[PDB]
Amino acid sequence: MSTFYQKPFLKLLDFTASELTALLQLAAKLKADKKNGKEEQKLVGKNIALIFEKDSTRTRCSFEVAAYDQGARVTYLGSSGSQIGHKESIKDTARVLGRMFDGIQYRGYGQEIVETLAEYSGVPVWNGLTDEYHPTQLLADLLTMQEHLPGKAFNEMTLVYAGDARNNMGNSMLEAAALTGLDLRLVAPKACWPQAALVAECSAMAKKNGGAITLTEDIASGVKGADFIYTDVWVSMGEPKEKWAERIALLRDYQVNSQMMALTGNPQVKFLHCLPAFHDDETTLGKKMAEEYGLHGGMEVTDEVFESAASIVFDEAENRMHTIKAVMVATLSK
């Protein structure tokens, strides 16, 4: 645990399995302490900056609550202005921020941006999200998996990412398998697989640690034995709207529905999903896409799965805050 003090948190592969175990134990302690009304503040007098170049309105909440609970003050710097590196270089920005703040949370674009912030600020920099990795969500998922399979090592678990696994969360799961020996199934069309070189590197590491990484288009063999099925949205705003039709055509067979859950053969399989999810007609955008592409009842997951007892998405969402807090406490307090 002492190995975290004054260090950044830029991706999971910068840490050992034992360090990850200690971090998740801290998150679980902080969660229990707050639930029981006995949280001990370790960050009184610390000032934290949130550099959120990529942002939704709600994104800041888990980070602010984590800091506030621990006694720190927060300065939120959102995506309304220009990007970092537009008017001022990343190195210059890092040097200025590092004299003002005790810690910096980053959410944005290329991994090199957060590496430069970490190198030149002189204070812990925590990667919430980059193009390459989604460490904040990964930690939240890992804690949630432990809570719902108590007393199991990660190398005893099987996790499925269904749908479009070619993104920063797919990469973070590859890292998790590499480090912890997780049995990881990326169940996806071949065009939606993470890059082969990173897959090959993490697969060699995972093997050494008692795990395995499988990429397959076949849903029945892919999800068999799963303890958890994770998915996320199939289309994003920014990727051109005229590509949505072919992407949806490719991905709609990979919808997490009651059939896919039953194909695991595991009555205790649980469902995960980085929020927001398009699972019904109760959003303007979800209702439009359901009508335009024929997806009433839910897109990447059905309303039935999303609201089922197997769905643990709101525990997962809450656990973002507890694991963010563990990172801040472990790196800022001795």
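Throughout, we count residues from 1 along the sequence that is shown.
**Q** On mean Cα temperature factor in this entry, is 79 to 87 or 139 to 147 the higher one?
**A** Here the higher of the two C-alpha B-factor means belongs to 79 to 87.
**Q** Do the C-alpha atoms of 49 to 57 or of 273 to 281 have the higher average B factor in the entry?
**A** The stretch with the larger average C-alpha B-factor is 49 to 57.
**Q** Looking at 102, 242, 115, 232, which one carries the largest C-alpha B-factor according to the PDB entry?
**A** So the option with the highest C-alpha B-factor is 242.
**Q** Say you rank 205, 169, 261, 72 by Cα B-factor from the PDB entry; which sits at the top?
**A** The listed residue with the largest C-alpha B-factor is 205.
**Q** Would the CA B-factor of residue 332 place it in the lowest, middle or highest third of its chain?
**A** Lowest third, going by the recorded CA B-factors of the chain.
**Q** For residue 106, does the deposited CA B-factor place it in the lowest, middle or highest third of the chain?
**A** Answer is lowest: the recorded C-alpha B-factor places it there.
**Q** Taking the C-alpha B-factors as the PDB entry records them, is residue 212 in the lowest, middle or highest third of its chain?
**A** Within its chain, residue 212 is a highest-third residue by C-alpha B-factor, going by the deposited values.
**Q** If you rank every modelled residue in this chain by C-alpha B factor, which third holds residue 42: lowest, middle or highest?
**A** Lowest third of the chain for residue 42's C-alpha B-factor.
**Q** Rank-wise, by C-alpha B-factor, drop residue 34 into the lowest, middle or highest third of its chain.
**A** Answer is lowest: the recorded C-alpha B-factor places it there.
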